[PDB]
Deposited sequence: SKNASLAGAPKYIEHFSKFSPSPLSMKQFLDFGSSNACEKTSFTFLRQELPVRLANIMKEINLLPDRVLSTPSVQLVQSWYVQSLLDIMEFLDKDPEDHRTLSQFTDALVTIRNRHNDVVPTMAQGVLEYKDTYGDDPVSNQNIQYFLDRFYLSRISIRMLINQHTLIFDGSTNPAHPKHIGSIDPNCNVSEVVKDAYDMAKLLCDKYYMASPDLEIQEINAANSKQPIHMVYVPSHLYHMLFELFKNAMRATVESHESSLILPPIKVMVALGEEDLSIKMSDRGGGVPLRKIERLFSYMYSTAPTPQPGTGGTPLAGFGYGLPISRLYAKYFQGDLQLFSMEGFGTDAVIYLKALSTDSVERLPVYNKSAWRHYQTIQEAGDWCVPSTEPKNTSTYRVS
């Protein structure tokens, strides 16, 4: 039988998560020796990542913590942590340990499938029950960025293990494509967004792609990346760009295209999506990344970019259109997980009071 969950949470929250680079993920093998190594790694690392973020959940305002949906998500994290604790004393040499471990990871992944919308219901419950306040809102914003990035990282570890140690893409390493053709992903996201735009507006802007391979002008641009994450970001951006374009051109039969540039530099692989959808005033830009003003499409997309040391930035020109840029690291060695850690500095952010700001 197991100890009470808080004993495990306190134990594992003392450790810092260990960030892996894309290259490290990529250089992970599929042998028995490798599966045992993955097992011995994950039975420590997953509990560390679960515990670290569970400790930050406890720092949320009582108001948010008291909501049924936040309490529900907490309970899932507790059970998932306990599921892994069952493996602490198990022998990696026993093939049944390994197969049971993979089954346990699948069960955890499914348990947590609806975490994003469930947390969003928690935010709504807080607003409905108590009314929102600026202090709680700032804490929620800080927390959710960290919580969702933590979740992305945990899903990455689980997907890598289950895909490698249990199809279409045998050149992929788990969910990683060592030769991801960026323009092909751009086209896939455009195609899917076009289906949606065509359905509702009976029209959609065309796509124009330009590549700038600075060091090798002829060569198609490739990278090591998780294509599903890149797809997610581009699909969200195309939906917004298409909607803006059609909605700002109600009188017109001719729609300006969405232009995408893919640039490969020494350090960055940058993807800029430019539309002439009429733009948004600067005042309204920050709110596009707010969990409260919402529709977590944009904030979660930016977290995917940030997860491997990239970013997603918007700059609009009200009256004209908008540019969105996805910044990725060009090199797999620079693509290192960005993971929140529970410590004093973290703890300090939730320690805020209501007072006059430092500006007039």
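- Numbering the deposited sequence from 1, one finds several regions with no C-alpha coordinates, namely 1-4, 171-174, 303-319, 386-400.
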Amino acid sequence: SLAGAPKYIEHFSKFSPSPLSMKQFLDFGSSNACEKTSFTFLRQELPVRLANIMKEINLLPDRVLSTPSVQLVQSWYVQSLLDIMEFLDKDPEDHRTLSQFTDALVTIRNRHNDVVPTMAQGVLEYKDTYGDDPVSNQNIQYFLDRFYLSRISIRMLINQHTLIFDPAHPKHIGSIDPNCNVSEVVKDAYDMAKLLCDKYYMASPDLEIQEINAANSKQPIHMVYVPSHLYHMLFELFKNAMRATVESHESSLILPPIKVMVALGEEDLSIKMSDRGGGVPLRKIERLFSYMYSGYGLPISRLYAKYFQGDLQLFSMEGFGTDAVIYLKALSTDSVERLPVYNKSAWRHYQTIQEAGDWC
From here on, numbers count along this sequence of modelled residues.
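We call the rigid core whatever largest set of C-alpha positions still superposes within 1.5 Å between the two forms.
- Once the rigid core is used to overlay the structures in 8 other deposited structures of this protein, the stretch among 59-67 and 302-310 whose CA atoms lie farther from this form is 59-67.
- Note on 202-210 and 136-144: with rigid core alignment, C-alpha atoms in 8 other deposited structures of this protein sit farther from this form for 136-144.
- When the other compared entries with both flanking residues are checked, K127 is modelled in all of them, not unmodelled in a third.
- Omission of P167 is seen in a third or more of the other entries compared for this protein where the adjacent residues are built.
- For the segment pair 271-279 and 174-182, the entry gives 174-182 the higher mean B-factor, averaged over Cα atoms.
- The PDB entry reports B-factors from which the mean C-alpha value can be compared for 343-351 and 6-14; the larger average falls on 343-351.
- Of the candidates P167, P256, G122, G265, it is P167 whose Cα B-factor is highest according to the PDB record.
- For the set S99, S75, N213, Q141, the PDB entry puts the maximum C-alpha B factor at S99.
- Among all modelled residues in its chain, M261 ranks in the lowest third by Cα B-factor.
- When all modelled residues of the chain are sorted by CA temperature factor, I152 is found within the lowest third.
- When the CA B factors of the chain's modelled residues are split into thirds, the value for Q160 lands in the middle one.
- For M242, the recorded CA temperature factor ranks within the lowest third of the chain's modelled residues.
- In the deposited entry, the Cα temperature factor of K187 places it in the lowest third of its chain's modelled residues.
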